[PDB]
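Asker: Just one file: structure_36.cif, with mmCIF, C-alpha atoms and all ligand atoms.
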data_start
#
loop_
_atom_site.label_atom_id
_atom_site.label_comp_id
_atom_site.auth_asym_id
_atom_site.auth_seq_id
_atom_site.Cartn_x
_atom_site.Cartn_y
_atom_site.Cartn_z
CA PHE A 1 -8.19 -54.54 -134.18
CA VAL A 2 -5.25 -56.97 -134.10
CA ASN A 3 -6.71 -60.47 -133.74
CA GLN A 4 -3.64 -62.64 -133.21
CA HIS A 5 -1.18 -62.50 -130.31
CA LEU A 6 -0.01 -60.07 -127.66
CA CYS A 7 2.72 -61.09 -125.22
CA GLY A 8 5.23 -59.49 -122.84
CA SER A 9 4.92 -55.76 -122.28
CA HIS A 10 2.82 -55.37 -125.41
CA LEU A 11 -0.03 -57.16 -123.61
CA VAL A 12 0.13 -54.49 -120.89
CA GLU A 13 0.67 -51.73 -123.49
CA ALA A 14 -2.55 -52.66 -125.33
CA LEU A 15 -4.53 -52.50 -122.07
CA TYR A 16 -3.56 -48.81 -121.83
CA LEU A 17 -5.18 -48.10 -125.21
CA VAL A 18 -8.24 -50.36 -124.96
CA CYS A 19 -9.28 -49.11 -121.50
CA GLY A 20 -7.74 -45.68 -121.48
CA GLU A 21 -10.16 -43.67 -119.43
CA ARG A 22 -10.86 -46.64 -117.13
CA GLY A 23 -7.52 -48.25 -116.21
CA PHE A 24 -6.71 -51.97 -116.15
CA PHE A 25 -6.03 -54.86 -113.77
CA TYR A 26 -3.23 -57.32 -114.55
CA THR A 27 -3.12 -60.53 -112.62
CA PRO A 28 -0.86 -63.26 -114.00
CA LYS A 29 -1.01 -65.65 -111.07
CA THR A 30 -0.93 -69.01 -112.79
CA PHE B 1 4.03 -29.08 -120.80
CA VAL B 2 4.02 -32.65 -119.51
CA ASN B 3 1.50 -35.00 -121.00
CA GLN B 4 -0.93 -37.15 -119.07
CA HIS B 5 -1.40 -39.77 -121.77
CA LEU B 6 2.04 -40.26 -123.22
CA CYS B 7 3.95 -40.37 -119.91
CA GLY B 8 1.52 -43.05 -118.71
CA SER B 9 2.62 -45.37 -121.53
CA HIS B 10 6.02 -45.80 -119.87
CA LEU B 11 4.56 -46.02 -116.34
CA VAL B 12 2.48 -49.10 -117.22
CA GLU B 13 5.52 -50.58 -118.98
CA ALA B 14 7.74 -50.03 -116.02
CA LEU B 15 5.23 -51.42 -113.51
CA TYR B 16 5.28 -54.59 -115.63
CA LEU B 17 8.97 -55.06 -114.81
CA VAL B 18 8.94 -53.70 -111.23
CA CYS B 19 5.95 -55.66 -109.87
CA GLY B 20 6.37 -58.59 -112.29
CA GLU B 21 5.20 -61.78 -110.59
CA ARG B 22 2.79 -60.19 -108.08
CA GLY B 23 0.71 -57.90 -110.32
CA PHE B 24 -0.56 -54.32 -110.29
CA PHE B 25 -3.61 -52.07 -110.56
CA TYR B 26 -3.66 -48.82 -112.52
CA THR B 27 -6.00 -45.85 -112.29
CA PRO B 28 -5.24 -42.53 -113.99
CA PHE C 1 10.98 -57.59 -109.81
CA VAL C 2 10.24 -59.71 -112.89
CA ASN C 3 12.17 -62.97 -112.49
CA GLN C 4 11.67 -64.69 -115.83
CA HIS C 5 12.83 -63.49 -119.25
CA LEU C 6 13.82 -60.28 -120.97
CA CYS C 7 14.77 -60.31 -124.66
CA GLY C 8 15.09 -57.90 -127.59
CA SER C 9 14.73 -54.21 -126.82
CA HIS C 10 13.07 -54.96 -123.51
CA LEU C 11 16.43 -56.21 -122.20
CA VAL C 12 17.92 -52.79 -123.03
CA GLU C 13 14.77 -51.01 -121.77
CA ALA C 14 15.07 -52.64 -118.33
CA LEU C 15 18.71 -51.53 -118.05
CA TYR C 16 17.47 -47.92 -118.25
CA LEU C 17 15.27 -48.43 -115.18
CA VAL C 18 17.57 -50.64 -113.09
CA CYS C 19 20.64 -48.39 -113.50
CA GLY C 20 19.00 -45.06 -114.15
CA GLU C 21 21.37 -42.61 -112.57
CA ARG C 22 24.40 -44.70 -113.60
CA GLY C 23 23.94 -45.76 -117.24
CA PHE C 24 24.56 -49.21 -118.72
CA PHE C 25 26.96 -51.13 -120.97
CA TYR C 26 25.57 -53.57 -123.55
CA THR C 27 27.96 -55.96 -125.16
CA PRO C 28 26.41 -58.88 -127.05
CA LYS C 29 29.54 -60.19 -128.73
CA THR C 30 28.95 -63.92 -128.70
CA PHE D 1 9.44 -28.59 -121.34
CA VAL D 2 11.45 -31.54 -122.64
CA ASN D 3 12.06 -34.37 -120.25
CA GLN D 4 15.43 -35.89 -119.44
CA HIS D 5 14.09 -39.26 -118.34
CA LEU D 6 11.33 -40.02 -120.77
CA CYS D 7 13.16 -38.96 -123.95
CA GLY D 8 16.06 -41.22 -122.92
CA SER D 9 13.78 -44.27 -123.07
CA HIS D 10 13.59 -43.97 -126.86
CA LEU D 11 17.30 -43.10 -127.23
CA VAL D 12 18.40 -46.40 -125.65
CA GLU D 13 15.83 -48.22 -127.79
CA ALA D 14 17.05 -46.63 -130.95
CA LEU D 15 20.73 -47.24 -130.17
CA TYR D 16 19.78 -50.92 -129.90
CA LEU D 17 18.76 -50.91 -133.57
CA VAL D 18 21.39 -48.47 -134.89
CA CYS D 19 24.51 -50.02 -133.30
CA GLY D 20 23.05 -53.55 -133.17
CA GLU D 21 25.87 -56.07 -133.56
CA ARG D 22 28.73 -53.87 -132.28
CA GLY D 23 27.30 -52.55 -129.00
CA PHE D 24 27.01 -49.22 -127.18
CA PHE D 25 27.70 -47.33 -123.96
CA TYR D 26 25.25 -44.91 -122.38
CA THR D 27 25.82 -42.14 -119.85
CA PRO D 28 23.17 -39.52 -119.07
CA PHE E 1 6.20 -28.03 -125.70
CA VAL E 2 4.90 -31.14 -127.45
CA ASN E 3 7.32 -33.00 -129.64
CA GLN E 4 6.74 -34.01 -133.23
CA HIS E 5 9.19 -36.90 -133.25
CA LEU E 6 8.73 -38.55 -129.90
CA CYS E 7 4.91 -38.49 -129.85
CA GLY E 8 4.93 -40.14 -133.28
CA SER E 9 6.72 -43.19 -131.85
CA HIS E 10 3.58 -44.14 -129.91
CA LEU E 11 1.23 -43.26 -132.79
CA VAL E 12 2.86 -45.80 -135.13
CA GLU E 13 2.83 -48.35 -132.29
CA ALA E 14 -0.82 -47.82 -131.60
CA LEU E 15 -1.83 -47.96 -135.28
CA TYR E 16 -0.17 -51.39 -135.32
CA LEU E 17 -2.72 -52.63 -132.77
CA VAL E 18 -5.75 -50.63 -133.97
CA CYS E 19 -5.56 -51.42 -137.71
CA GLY E 20 -3.81 -54.78 -137.22
CA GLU E 21 -4.86 -57.15 -140.00
CA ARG E 22 -5.79 -54.51 -142.62
CA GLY E 23 -2.70 -52.26 -142.58
CA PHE E 24 -1.92 -48.54 -142.49
CA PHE E 25 -0.07 -45.68 -144.16
CA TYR E 26 1.81 -42.99 -142.26
CA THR E 27 2.92 -39.53 -143.34
CA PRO E 28 4.18 -36.93 -140.86
CA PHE F 1 22.58 -51.57 -138.10
CA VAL F 2 20.94 -54.62 -136.49
CA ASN F 3 21.18 -57.47 -139.00
CA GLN F 4 19.10 -60.21 -137.40
CA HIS F 5 15.37 -60.13 -136.62
CA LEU F 6 12.62 -57.61 -136.05
CA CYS F 7 9.10 -58.80 -135.23
CA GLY F 8 5.88 -57.46 -133.69
CA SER F 9 5.73 -53.75 -132.98
CA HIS F 10 9.49 -53.46 -133.19
CA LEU F 11 9.25 -54.05 -136.96
CA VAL F 12 6.94 -51.01 -137.18
CA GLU F 13 9.06 -49.07 -134.66
CA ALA F 14 12.20 -49.48 -136.80
CA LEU F 15 10.35 -48.16 -139.87
CA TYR F 16 9.85 -44.88 -137.97
CA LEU F 17 13.62 -44.47 -137.55
CA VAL F 18 14.80 -45.75 -140.94
CA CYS F 19 12.36 -43.61 -142.96
CA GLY F 20 11.76 -40.77 -140.58
CA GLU F 21 11.27 -37.82 -142.86
CA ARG F 22 9.47 -39.98 -145.44
CA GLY F 23 6.95 -42.18 -143.61
CA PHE F 24 6.31 -45.90 -144.18
CA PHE F 25 3.76 -48.32 -145.63
CA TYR F 26 2.94 -51.53 -143.76
CA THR F 27 1.05 -54.20 -145.58
CA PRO F 28 1.01 -57.65 -143.97
CA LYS F 29 -1.58 -59.28 -146.20
CA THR F 30 -0.30 -62.82 -146.45
CA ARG G 1 0.77 -38.42 -104.03
CA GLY G 2 -0.24 -40.90 -106.74
CA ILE G 3 1.95 -42.58 -109.35
CA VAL G 4 0.57 -40.37 -112.11
CA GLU G 5 1.70 -37.23 -110.33
CA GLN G 6 4.88 -38.41 -108.73
CA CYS G 7 6.47 -40.17 -111.72
CA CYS G 8 5.59 -37.76 -114.57
CA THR G 9 6.44 -34.36 -113.07
CA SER G 10 9.56 -35.78 -111.47
CA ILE G 11 11.59 -38.88 -112.18
CA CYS G 12 11.03 -42.07 -110.25
CA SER G 13 13.34 -44.79 -108.98
CA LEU G 14 12.64 -48.50 -108.99
CA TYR G 15 11.72 -48.37 -105.29
CA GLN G 16 8.84 -45.95 -105.72
CA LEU G 17 7.38 -48.02 -108.48
CA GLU G 18 7.41 -50.77 -105.90
CA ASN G 19 5.07 -48.55 -103.88
CA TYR G 20 2.36 -48.92 -106.56
CA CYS G 21 2.14 -52.72 -107.29
CA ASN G 22 -0.11 -55.59 -106.22
CA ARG H 1 27.41 -32.09 -127.97
CA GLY H 2 26.30 -35.37 -126.36
CA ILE H 3 23.50 -37.70 -127.43
CA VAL H 4 21.30 -36.58 -124.54
CA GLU H 5 21.41 -32.98 -125.69
CA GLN H 6 21.48 -33.42 -129.41
CA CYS H 7 18.67 -35.97 -129.80
CA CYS H 8 16.11 -34.67 -127.26
CA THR H 9 16.05 -30.94 -128.00
CA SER H 10 16.22 -31.59 -131.72
CA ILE H 11 15.44 -34.65 -133.78
CA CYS H 12 18.14 -37.06 -134.81
CA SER H 13 18.77 -39.11 -137.94
CA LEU H 14 20.08 -42.64 -138.07
CA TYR H 15 23.57 -41.36 -138.92
CA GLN H 16 24.00 -39.36 -135.73
CA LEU H 17 22.96 -42.29 -133.63
CA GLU H 18 25.81 -44.04 -135.38
CA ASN H 19 28.06 -41.40 -133.81
CA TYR H 20 27.27 -42.76 -130.32
CA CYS H 21 27.75 -46.60 -130.57
CA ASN H 22 30.50 -49.06 -129.68
CA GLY I 2 27.59 -61.69 -121.14
CA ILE I 3 24.37 -59.67 -120.99
CA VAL I 4 22.29 -61.63 -123.52
CA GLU I 5 23.69 -65.03 -122.53
CA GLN I 6 22.57 -64.51 -118.99
CA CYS I 7 19.12 -62.97 -119.06
CA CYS I 8 17.65 -63.93 -122.45
CA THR I 9 18.71 -67.59 -122.30
CA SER I 10 18.10 -68.10 -118.57
CA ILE I 11 16.34 -66.35 -115.68
CA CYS I 12 17.70 -62.88 -114.94
CA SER I 13 17.63 -60.81 -111.72
CA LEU I 14 17.31 -57.19 -110.51
CA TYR I 15 20.54 -56.71 -108.57
CA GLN I 16 22.87 -58.04 -111.26
CA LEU I 17 21.54 -56.60 -114.44
CA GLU I 18 22.76 -53.76 -112.20
CA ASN I 19 26.21 -55.31 -112.48
CA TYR I 20 25.98 -53.81 -115.97
CA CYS I 21 25.71 -50.28 -114.54
CA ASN I 22 28.71 -47.93 -114.21
CA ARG J 1 -7.23 -32.61 -139.03
CA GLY J 2 -4.50 -35.24 -139.45
CA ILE J 3 -3.40 -37.92 -137.00
CA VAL J 4 -0.21 -36.03 -136.18
CA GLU J 5 -2.16 -33.00 -135.02
CA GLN J 6 -5.17 -34.63 -133.49
CA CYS J 7 -3.44 -37.30 -131.39
CA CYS J 8 -0.42 -35.38 -130.05
CA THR J 9 -1.97 -32.09 -128.91
CA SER J 10 -4.97 -33.91 -127.51
CA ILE J 11 -5.50 -37.52 -126.51
CA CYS J 12 -7.06 -39.99 -128.88
CA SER J 13 -9.44 -42.91 -128.43
CA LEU J 14 -9.26 -46.22 -130.21
CA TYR J 15 -12.02 -45.12 -132.61
CA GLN J 16 -10.10 -42.17 -134.02
CA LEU J 17 -7.09 -44.30 -134.66
CA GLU J 18 -9.48 -46.38 -136.69
CA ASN J 19 -9.98 -43.27 -138.83
CA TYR J 20 -6.34 -43.45 -139.99
CA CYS J 21 -5.78 -47.13 -141.08
CA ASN J 22 -5.75 -49.03 -144.36
CA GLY K 2 -6.72 -65.03 -116.61
CA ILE K 3 -5.16 -62.26 -118.69
CA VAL K 4 -2.04 -64.07 -119.91
CA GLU K 5 -3.75 -67.44 -120.31
CA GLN K 6 -6.25 -65.95 -122.67
CA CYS K 7 -4.42 -63.61 -125.00
CA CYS K 8 -0.79 -64.82 -125.01
CA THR K 9 -1.63 -68.51 -125.39
CA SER K 10 -4.59 -68.08 -127.74
CA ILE K 11 -6.16 -65.40 -129.94
CA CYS K 12 -7.30 -62.32 -128.01
CA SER K 13 -9.96 -59.70 -128.85
CA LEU K 14 -10.67 -55.96 -128.49
CA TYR K 15 -13.92 -55.95 -126.52
CA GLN K 16 -12.80 -58.36 -123.81
CA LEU K 17 -9.32 -57.29 -123.00
CA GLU K 18 -11.71 -54.48 -122.08
CA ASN K 19 -13.25 -56.90 -119.59
CA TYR K 20 -10.03 -56.13 -117.71
CA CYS K 21 -10.97 -52.43 -117.43
CA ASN K 22 -12.61 -50.94 -114.33
CA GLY L 2 6.07 -58.32 -148.23
CA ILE L 3 7.25 -56.53 -145.10
CA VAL L 4 6.68 -59.30 -142.54
CA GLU L 5 7.70 -62.12 -144.89
CA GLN L 6 11.06 -60.53 -145.41
CA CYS L 7 12.30 -59.27 -142.07
CA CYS L 8 10.46 -61.35 -139.45
CA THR L 9 11.02 -64.70 -141.18
CA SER L 10 14.55 -64.00 -142.44
CA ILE L 11 17.36 -61.50 -141.86
CA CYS L 12 16.40 -57.91 -142.68
CA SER L 13 18.56 -54.91 -143.66
CA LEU L 14 18.79 -51.12 -143.20
CA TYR L 15 18.68 -49.87 -146.78
CA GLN L 16 15.65 -51.89 -147.86
CA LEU L 17 13.29 -51.62 -144.98
CA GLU L 18 13.80 -48.16 -146.48
CA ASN L 19 12.27 -49.54 -149.66
CA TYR L 20 9.10 -49.27 -147.58
CA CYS L 21 9.50 -45.48 -147.29
CA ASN L 22 7.68 -43.02 -149.56
NA NA A 101 7.52 -41.78 -125.03
RB RB A 102 8.72 -57.90 -127.95
#
Let me see the file written as structure tokens.
Answerer:
Amino acid sequence: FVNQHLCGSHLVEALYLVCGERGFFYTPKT
Amino acid sequence: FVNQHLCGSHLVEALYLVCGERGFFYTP
Amino acid sequence: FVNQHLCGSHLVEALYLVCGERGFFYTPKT
Amino acid sequence: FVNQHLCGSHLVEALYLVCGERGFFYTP
Amino acid sequence: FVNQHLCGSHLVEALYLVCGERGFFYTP
Amino acid sequence: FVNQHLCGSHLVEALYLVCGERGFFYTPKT
Amino acid sequence: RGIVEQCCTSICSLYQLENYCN
Amino acid sequence: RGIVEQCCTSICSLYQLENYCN
Amino acid sequence: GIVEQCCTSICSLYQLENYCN
Amino acid sequence: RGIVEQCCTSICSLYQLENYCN
Amino acid sequence: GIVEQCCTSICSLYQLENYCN
Amino acid sequence: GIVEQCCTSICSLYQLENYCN
């Protein structure tokens, strides 16, 4: 797996692969 | 035929721009 | 809506959502 | 079934790389 | 109908995250 | 064609257009 | 009913994505 | 005829995207 | 223009719409 | 057989993408 | 949180999973 | 290689093709 950096929509895009059958929560609040 | 998995790749990308600052939950 | 920053293809990608039924013009010339 | 909306998401992304410096108009 | 070209756009994007440091070949 | 910069997944994404009927090899090793 | 259903089998505007945020 | 038509219902090379720029 | 406005500084919803026809 | 086949006509987990790397 | 952890520093596979329900 | 060439400096069309088989 890609062990560097993952910003913008690609951070959200990766959460769709990693979870997949589970779904993901994305909370950026500081 | 309209695909569960592939279509959902754009839905999560769009919700990133639409919600933005607040956040969002996803469950397929 | 996301009130920060929007560069590269994501700037063009957002113009497909925001407009949608209208289309968009993209002119970068300095 | 081939979808008007979803396919167009890659068309606008590709035209960003193909045209590049010059620019482009889109109308669906 | 499930499209050879469009589906492959997400496959190459996912292989970028899955393989990552090692690398990958693609042939359609 | 876009003669500037092309990083992250977009570098891999462009290799799918440019090659297309050929495929592409992506080797990042320093 | 549901974002999955309502945005894949017919197109969605920016106001119905605002129905599904947080 | 049209990018919509000609690049969704059959695949498109990098030269026919060059037909539709600006 | 488009890039000057939203990539350099903070952009908005109802004006990247400005770029719609 | 093949990533093309096995990840387009049915969904793929992160472990079968690991079958196709380098 | 999510952004603090993976966009600022090096992220991982089995913990961006942490964010799955 | 690939990243050294196009992410660090200006890339081109007919040589990111170089990476096609
Ligand atoms: Na797609
Ligand atoms: Rb990016």
Asker: Could you superpose chain K on chain I by least squares over every Cα, matched in sequence order, and send it back as a short mmCIF file (atom, residue, chain, number, x, y, z; two decimals) with C-alpha atoms, in the frame of the given file?
Answerer:
data_model
loop_
_atom_site.label_atom_id
_atom_site.label_comp_id
_atom_site.auth_asym_id
_atom_site.auth_seq_id
_atom_site.Cartn_x
_atom_site.Cartn_y
_atom_site.Cartn_z
CA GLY K 2 27.59 -61.69 -121.14
CA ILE K 3 24.37 -59.68 -121.00
CA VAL K 4 22.30 -61.63 -123.52
CA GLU K 5 23.69 -65.03 -122.53
CA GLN K 6 22.57 -64.51 -118.99
CA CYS K 7 19.12 -62.97 -119.06
CA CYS K 8 17.64 -63.94 -122.45
CA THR K 9 18.70 -67.59 -122.30
CA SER K 10 18.10 -68.09 -118.57
CA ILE K 11 16.34 -66.36 -115.68
CA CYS K 12 17.70 -62.88 -114.94
CA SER K 13 17.63 -60.81 -111.72
CA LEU K 14 17.30 -57.20 -110.51
CA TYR K 15 20.54 -56.70 -108.57
CA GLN K 16 22.87 -58.04 -111.26
CA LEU K 17 21.55 -56.59 -114.43
CA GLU K 18 22.75 -53.76 -112.20
CA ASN K 19 26.21 -55.31 -112.48
CA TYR K 20 25.99 -53.81 -115.97
CA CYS K 21 25.71 -50.27 -114.54
CA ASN K 22 28.71 -47.94 -114.21
#
Asker: Step by step, measure atom-to-atom distances between ligand NA 101 (chain A) and each residue using only C-alpha atoms and all ligand atoms, keep those at most 10 Å, then write them as a VMD selection string.
Answerer: (chain B and resid 3 5 to 10) or (chain D and resid 3 5 to 10) or (chain E and resid 3 5 to 10)
Asker: Restrict the selected residues to C-alpha atoms and save them as a PDB file, in the coordinates of the input.
Answerer:
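Generated output (result_32.pdb):
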ATOM      1  CA  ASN B   3       1.500 -35.000-121.000  1.00  0.00           C
ATOM      2  CA  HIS B   5      -1.400 -39.770-121.770  1.00  0.00           C
ATOM      3  CA  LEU B   6       2.040 -40.260-123.220  1.00  0.00           C
ATOM      4  CA  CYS B   7       3.950 -40.370-119.910  1.00  0.00           C
ATOM      5  CA  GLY B   8       1.520 -43.050-118.710  1.00  0.00           C
ATOM      6  CA  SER B   9       2.620 -45.370-121.530  1.00  0.00           C
ATOM      7  CA  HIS B  10       6.020 -45.800-119.870  1.00  0.00           C
TER       8      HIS B  10
ATOM      9  CA  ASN D   3      12.060 -34.370-120.250  1.00  0.00           C
ATOM     10  CA  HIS D   5      14.090 -39.260-118.340  1.00  0.00           C
ATOM     11  CA  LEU D   6      11.330 -40.020-120.770  1.00  0.00           C
ATOM     12  CA  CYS D   7      13.160 -38.960-123.950  1.00  0.00           C
ATOM     13  CA  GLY D   8      16.060 -41.220-122.920  1.00  0.00           C
ATOM     14  CA  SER D   9      13.780 -44.270-123.070  1.00  0.00           C
ATOM     15  CA  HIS D  10      13.590 -43.970-126.860  1.00  0.00           C
TER      16      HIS D  10
ATOM     17  CA  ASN E   3       7.320 -33.000-129.640  1.00  0.00           C
ATOM     18  CA  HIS E   5       9.190 -36.900-133.250  1.00  0.00           C
ATOM     19  CA  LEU E   6       8.730 -38.550-129.900  1.00  0.00           C
ATOM     20  CA  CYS E   7       4.910 -38.490-129.850  1.00  0.00           C
ATOM     21  CA  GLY E   8       4.930 -40.140-133.280  1.00  0.00           C
ATOM     22  CA  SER E   9       6.720 -43.190-131.850  1.00  0.00           C
ATOM     23  CA  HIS E  10       3.580 -44.140-129.910  1.00  0.00           C
TER      24      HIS E  10
END
Asker: Enumerate residues in contact with ligand RB 102 (chain A): an atom-to-atom distance of at most 7 Å, counting only C-alpha atoms and all ligand atoms. Format the result as a ChimeraX atom specification.
Answerer: /A:8,10 /C:8,10 /F:8,10
Asker: Quick one: distance from CA of residue 18 (chain E) to CA of residue 16 (chain C) in Å, one decimal?
Answerer: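 CA of residue 18 (chain E) sits 28.2 Å away from CA of residue 16 (chain C).
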Asker: Would you write out chain F as a short mmCIF file (atom, residue, chain, number, x, y, z; two decimals) with C-alpha atoms, keeping the file's coordinate frame, after superposing it on chain C by least squares over all in-order Cα pairs?
Answerer:
data_model
loop_
_atom_site.label_atom_id
_atom_site.label_comp_id
_atom_site.auth_asym_id
_atom_site.auth_seq_id
_atom_site.Cartn_x
_atom_site.Cartn_y
_atom_site.Cartn_z
CA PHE F 1 10.99 -57.59 -109.81
CA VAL F 2 10.24 -59.71 -112.89
CA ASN F 3 12.17 -62.97 -112.49
CA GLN F 4 11.66 -64.69 -115.83
CA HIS F 5 12.83 -63.49 -119.25
CA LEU F 6 13.81 -60.28 -120.97
CA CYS F 7 14.77 -60.31 -124.66
CA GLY F 8 15.09 -57.90 -127.59
CA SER F 9 14.73 -54.21 -126.82
CA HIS F 10 13.07 -54.96 -123.51
CA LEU F 11 16.44 -56.22 -122.20
CA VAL F 12 17.92 -52.79 -123.03
CA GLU F 13 14.78 -51.00 -121.77
CA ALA F 14 15.07 -52.64 -118.33
CA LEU F 15 18.72 -51.53 -118.05
CA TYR F 16 17.47 -47.92 -118.26
CA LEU F 17 15.27 -48.43 -115.18
CA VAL F 18 17.57 -50.63 -113.09
CA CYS F 19 20.64 -48.38 -113.50
CA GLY F 20 19.00 -45.07 -114.15
CA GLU F 21 21.37 -42.61 -112.56
CA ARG F 22 24.39 -44.70 -113.60
CA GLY F 23 23.94 -45.75 -117.23
CA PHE F 24 24.56 -49.21 -118.72
CA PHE F 25 26.96 -51.12 -120.97
CA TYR F 26 25.58 -53.56 -123.55
CA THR F 27 27.96 -55.96 -125.16
CA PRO F 28 26.41 -58.88 -127.05
CA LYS F 29 29.54 -60.19 -128.72
CA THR F 30 28.95 -63.92 -128.70
#
Asker: Please, what distance in Å, to one decimal, runs between CA of residue 22 (chain C) and CA of residue 3 (chain H)?
Answerer: 15.5 Å
